[PDB]
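S.K.: Here is my input; please provide its structure:
(chains A and B)
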Number of protein chains: 2
Amino acid sequence: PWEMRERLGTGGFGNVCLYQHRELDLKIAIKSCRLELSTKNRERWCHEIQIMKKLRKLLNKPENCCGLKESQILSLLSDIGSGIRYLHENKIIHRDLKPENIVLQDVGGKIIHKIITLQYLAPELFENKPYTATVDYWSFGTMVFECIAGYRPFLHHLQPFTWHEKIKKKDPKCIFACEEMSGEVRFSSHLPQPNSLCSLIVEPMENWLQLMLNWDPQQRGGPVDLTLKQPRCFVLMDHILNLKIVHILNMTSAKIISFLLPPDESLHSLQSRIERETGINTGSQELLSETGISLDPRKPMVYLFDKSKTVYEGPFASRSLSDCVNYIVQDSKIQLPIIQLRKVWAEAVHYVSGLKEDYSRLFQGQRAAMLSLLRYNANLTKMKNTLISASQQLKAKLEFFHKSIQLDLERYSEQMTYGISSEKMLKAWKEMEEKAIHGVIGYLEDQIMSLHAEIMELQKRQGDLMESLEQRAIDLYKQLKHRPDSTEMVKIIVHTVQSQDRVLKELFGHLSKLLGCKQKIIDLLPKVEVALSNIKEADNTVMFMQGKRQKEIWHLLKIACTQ
Amino acid sequence: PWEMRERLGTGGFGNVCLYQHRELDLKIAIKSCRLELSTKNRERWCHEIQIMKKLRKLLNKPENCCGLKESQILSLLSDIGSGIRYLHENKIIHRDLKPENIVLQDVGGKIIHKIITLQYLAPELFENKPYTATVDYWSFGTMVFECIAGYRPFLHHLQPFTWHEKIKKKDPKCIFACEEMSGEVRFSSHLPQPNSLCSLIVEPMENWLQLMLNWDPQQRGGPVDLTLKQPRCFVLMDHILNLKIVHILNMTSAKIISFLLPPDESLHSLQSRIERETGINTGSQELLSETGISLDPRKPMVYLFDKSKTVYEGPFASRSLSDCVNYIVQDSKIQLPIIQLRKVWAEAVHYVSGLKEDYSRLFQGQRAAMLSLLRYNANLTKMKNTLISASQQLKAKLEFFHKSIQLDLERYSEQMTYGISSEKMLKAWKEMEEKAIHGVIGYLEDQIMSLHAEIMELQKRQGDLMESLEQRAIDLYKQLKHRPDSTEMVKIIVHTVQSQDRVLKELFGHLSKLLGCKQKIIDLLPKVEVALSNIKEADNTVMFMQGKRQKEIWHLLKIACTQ
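M.R.: Numbers count the residues shown, from 1 in each chain, chains lettered A, B, ... in the order given. Sharing the structure here:
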């Protein structure tokens, strides 16, 4: 019993449909071709199905109008790369490239992607009837930059006909194209500013796209690697996919640097790399995990603190607005053609989203600092429990020491009668008495639980309020986006900059209190080490002095055997 | 510089006025008599001022329409009693009695009261020109029942003329008067039901008012006590003022009983009084203070728990509605004359206020139970700290016991050579070894901190929501009160009864968890006593066994002196 539900779309000579089982969640797309076909087209569809048996919603999101997040673009490169190489191994050229061919499928947080409009049709497909797999490189890299910037790499916002008439008139050794308001065709051989990708990836992706967006058909793939039978863009993509890039969120200056690393980097070698590269001393390189764990350098988002500097100044915002957006900050009432307005507003929304991520990640590392504080706390609890244990045990040892030497003093005083006693033993036991004489236990305990209660007081956010502010702004961008003055948006910029400044300065006060707690702990540690060491040493001396007293008793047994 | 502010009222031949200093809070009432008086009236006012140099807002509150709280009436009796006797000692009859003569003055929570409308003018003042101090007794006791019920003791809601025409036609040996809807004059020699005063006070206040509201002028004060020159009502009022009445809020049945007590009652004698009177066993008489302290019976709102019974059934509401109010619960749309409606609605508001006080005081004793739980907790913490202290000290004593007897075993084994050793000492030291052999320490510790964390979980109110419901109801009574259907009020009765039932049953679950915690603690206590006792005893045995070993060493010194 298959339920004839709503369609999944329009496909073939009919509709792509959703046929779920009536009881279970068993969905499949069935490409309806019930319409009477010619036998070349019917049989054509037959071997189409036979060979088949052998994302566009994400392309139109409000939150990535200037393009997608880095890691998501990476996963699209590896997944759609495996699909495209999977089709080229199967001696199959798809040629029907579009974001609608790609399935969304959550597997535990991971979206999986397989392959199932004149902007994707190749210019040699605009001209000639036969084709090669180069159209997959042109349309695919085209769609890749449609993930990178959110829109078309060549002359976007035009109709595709005159668009390809300028593609075949474009210098193919360039990357990005745009058109100004004065009618100038200005095109760039480099990627634009609105990007989230690290430059270490960008420039091999730049020249990679110089091979990809080369509209000359014979040079779309690469100078072919004759050792692995492989075009150059595949080699560059597998090169990029195995880049080991870490990220150290430079907290004290509100920065982050990506680090392209060799695969044999020990963490100590990376400590030297940061000490020479960033100039931050390894005696103060405080490196916390996403869970706030300090590393082991014996192993091969990282959070960067200065162990020395407790003073935390203001954040160092190295991201400005573009001068279009700052022009609208200065003058919001100018009613331009609304395409450039949604461009400017989009840049503003991506900026304020950057601010949201700033409070997000700084907030995150603040929490990780608190978790490391908890780990130091548990260390302190262990050390103080062992400390007062051995302390009080040592006190009882002193107790039976004093009673024992009191009894020994009695027996010595009685055997004094016959002149048996030797005074060097007595003065030795007096020395043992002064050593038995030999508070800050409980006082430094009060330092411990005082700091403990202080931390718990520090335990007692506003970027959700700024999420309502930015959320209002992106709602403005949506309600102005579906349409065929910007003052209030600049006011949201005001409230987000100033509110962000307030809560960042308060959290910097929190962090200063945290490092004060941490330095107080690290000051408390060798107190516990020296104190515990004196406890164990003094213990073992008193125990050996009891054994030495038993050697004196033993010597009295020698005196008993002497007579 | 005195500021001529607004008046304080109208008085004399002008206005009672507020003349504050312009800088300080120095207020005084000045009785303006600027109007041209005759010299008997001007000089009359002169000796009035000369003798003077030698509350009505509270009478009209929305919350006490059926009369005032008990303790406040008590304080008015002692304060206005001291004022009236203060005036009768000064050979002065005021005769101008009204609630406007009484000053409100907060002193740390206490209102102080001193003395400065035809319903207060006496019937002999309605008839004759000369008078005595009996008019103070009539008008004063009149105003007293105007505190007790909130309105006039004789035929209220009438005009004062025909009112006194029925006062002089009333049987003066009765107390309360009313008039029915059919024109019947029905008057009562007892106090009505809408009262908060305890009956132990009510009936001497009943007969006290039978002397007070006796409109026969010669019998208003009393059969005069010839030993203290004192009318009977003064003797009865000082008798009532020195009554020592405590209150035990019977929590398990949702009750409270006042207890008139002799002044020499020990708390153990009162435990017998509760065990025979209430039938609640002194082995289960759990008596907690307002701070939740269990008493010392060696000393002379009390909270009553059953130590045995952990099952807490539903509350036992012995306060019903009157059948007028229940009639309006059954039929709310009857538009009566609105005087009886505000009477019925007023009874409803006082009922729901009683419910508010029920949740208030049960909530209060619940909190006191939690405070007593905290006291037991601190006791447990002390006992466990001392316990693990003496435990681990005992462990170190066993340690040097075993090393000591190991060394003694060595010396004994070496002096075995010459046949010096005596095997009874050896077998004795083996017995000492098994005694040295002679977990639930830390296990019952886990019981302790397990229960501690469980209590802290129980630590994590709705009568404020019912305060909004009742507050809505008294707002209905005010908005219908200022006017010259009751269904929604009965719906508030529904929500307050059912919501009150829900939160009371939840809090009864809380209390069951509390007594479970308490019985768990009291089970944990003799474990600590027996365990600690075994620790101290076993300690003192091992220490004496070391001293006995020193007596054996002493005996070896006797063996050394033997040769």
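S.K.: hey, where'd the strands end up in chain A?
M.R.: In chain A, the segments counted as strands under DSSP state E are A:2-7, A:16-21, A:29-31, A:106-107, A:110-111, A:176-179, A:185-188, A:244-250, A:257-261, A:285-288, A:302-306.
S.K.: Tell me which of these lies nearest to chain B.
M.R.: Smallest distance to chain B across the strands of chain A (CB to the nearest CB): 29.5 Å, for strand A:285-288. (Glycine included, C-beta is placed from N, CA and C.)
S.K.: Can you list the helices and strands that that closest one packs against?
M.R.: Judged by 3 or more CB pairs under 8 Å, 6 or more residues apart in numbering or on different chains; DSSP states H and E, strand A:285-288 is in contact with helix A:267-277, strand A:302-306, helix A:338-415.
S.K.: what's in contact with that strand?
M.R.: Strand A:285-288 is contacted from outside by A:248, A:271, A:274-275, A:294-295, A:302-307, A:365, A:368-369, A:372, using CB atoms under 8 Å, 6 or more residues apart in numbering or on different chains.
S.K.: and those residues near chain B, which?
M.R.: Contacts with chain B within these, counted by CB under 8 Å from any CB of the partner chain: none were found.
S.K.: Buried among these? Need that as a selection in ChimeraX.
M.R.: To isolate the buried members of these in ChimeraX, using 16 or more other CB atoms under 10 Å in any protein chain shown:
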select /A:248,271,274,302,303,304,305,306,307,365,368,369,372
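S.K.: Enumerate every residue touching the residue lying closest to residue A:360 once chain neighbours are set aside.
M.R.: Spatial nearest neighbour of residue A:360, excluding adjacent residues (CB to CB, 6 or more residues apart in numbering or on different chains): residue A:463 at 6.6 Å. The contact partners of residue A:463, taken as CB under 8 Å, 6+ apart, are A:356, A:359-360, A:363, A:500, A:503.
S.K.: of those residues, buried ones?
M.R.: Buried among those by 16+ other CB under 10 Å: A:356, A:359, A:363, A:500, A:503.
S.K.: and the third one, how far is that from residue A:463?
M.R.: Taking CB to CB, to the nearest Å as the criterion, residue A:363 is separated from residue A:463 by 7 Å.
S.K.: can you check the fourth one too?
M.R.: As judged by CB to CB, residue A:500 and residue A:463 stand 8 Å apart.
S.K.: intersection of neighbour lists for these two?
M.R.: residue A:359.
S.K.: still on that earlier bit, hey, which of the helices and strands packed on strand A:285-288 is tucked in deepest?
M.R.: strand A:302-306 (a mean of 21; mean count of other CB atoms under 10 Å in any protein chain shown).
S.K.: So what touches that strand?
M.R.: By CB under 8 Å, 6+ apart, strand A:302-306 touches A:246-252, A:274, A:280, A:284-290, A:292, A:365, A:368-369, A:515.
S.K.: just how off-centre is that strand within its chain?
M.R.: Per CA atoms, centre = their mean, to the nearest Å, the displacement of strand A:302-306 from the mean C-alpha position of its chain is 13 Å.
S.K.: Can you list the strands that that strand pairs with?
M.R.: Applying DSSP bridges to the sheet, strand A:302-306 is found paired with strand A:244-250 (parallel), strand A:285-288 (antiparallel).
S.K.: contacting residues around the nearest residue to residue A:485 once chain neighbours are set aside?
M.R.: Spatial nearest neighbour of residue A:485, excluding adjacent residues (CB to CB, 6+ apart): residue A:333 at 5.2 Å. Going by CB under 8 Å, 6+ apart, residue A:333 touches A:485-487.
S.K.: What of residue A:426?
M.R.: Taking CB under 8 Å, 6+ apart as the test, what residue A:426 contacts is residue A:412.
S.K.: gap between it and residue B:510?
M.R.: 68 Å.
S.K.: Chain B contacts on the stretch 301-450 of chain A?
M.R.: Counting by CB under 8 Å from any CB, the stretch 301-450 of chain A sits next to chain B at A:389, A:392-397, A:400, A:403-404, A:407-408, A:411, A:414-415, A:418, A:420.
S.K.: Show the contacting residues for residue A:267.
M.R.: By CB under 8 Å, 6+ apart, the residues touching residue A:267 are A:295-300.
S.K.: In space, what's closest to residue A:441 - neighbours in sequence excluded?
M.R.: residue A:391 (5.4 Å).
S.K.: Just to check, that neighbour is in contact with residue A:535?
M.R.: Yes - counting by CB atoms under 8 Å, residue A:535 is a contact partner of residue A:391 at 6.1 Å.
S.K.: residue contacts, the closest residue to chain B within the stretch 101-250 of chain A?
M.R.: Nearest to chain B, among the residues of the stretch 101-250 of chain A, is residue A:109, at 32.5 Å (CB to the nearest CB). Counting by CB under 8 Å, 6+ apart, residue A:109 makes contact with nothing.
S.K.: which residues touch the residue nearest to the spatial centre of chain A?
M.R.: Central residue of chain A (CA atoms, centre = their mean): residue A:301, 3.7 Å from the mean position. Contact analysis of residue A:301 by CB under 8 Å, 6+ apart lists A:247, A:249, A:290, A:361, A:364-365.
S.K.: What residue spans form the domains of chain A?
M.R.: A:1-54, A:57-241, A:244-306, A:324-562 (automatic domain parsing).
S.K.: sorry, back to before: of the contacts of residue A:301, closest to residue B:337?
M.R.: residue A:364 (70.9 Å; CB to CB).
S.K.: measure that closest one to residue A:554 for me?
M.R.: 67 Å.
S.K.: try residue A:378
M.R.: 47 Å.
S.K.: again, but for residue A:116
M.R.: 94 Å.
S.K.: got it, and residue A:318?
M.R.: Residue A:318 is 79 Å from residue A:554, by CB to CB.
S.K.: Between those two, tell me which one has more neighbours.
M.R.: Taking neighbours as other CB atoms under 10 Å in any protein chain shown, residue A:318 and residue A:554 compare with residue A:554 leading, 17 against 8.
S.K.: I figured the more buried one hits residue B:408, correct?
M.R.: No - Residue A:554 sits out of contact with residue B:408 when judged by CB under 8 Å, with a separation of 10.4 Å.
S.K.: Now do the contacts for residue A:489.
M.R.: A:332, A:345, A:348, A:473, A:476.
S.K.: Quickly note the distance from it to residue A:61.
M.R.: 19 Å.
S.K.: Equivalent analysis for residue A:240, please.
M.R.: Taken as CB to CB, the span from residue A:240 to residue A:61 is 24 Å.
S.K.: Looking at the two now, which is surrounded by more residues?
M.R.: residue A:240 (18 against 10).
S.K.: Let me know whether the more buried one touches residue A:81 as I believe.
M.R.: No - using CB under 8 Å, residue A:240 makes no contact with residue A:81, being 10.0 Å away.
S.K.: if we can go back for a sec, is there a quick PyMOL command that grabs whichever of the contacts of residue A:333 are buried?
M.R.: Those of the contacts of residue A:333 that count as buried under 16+ other CB under 10 Å are selected in PyMOL with:
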select buried, chain A and resi 486
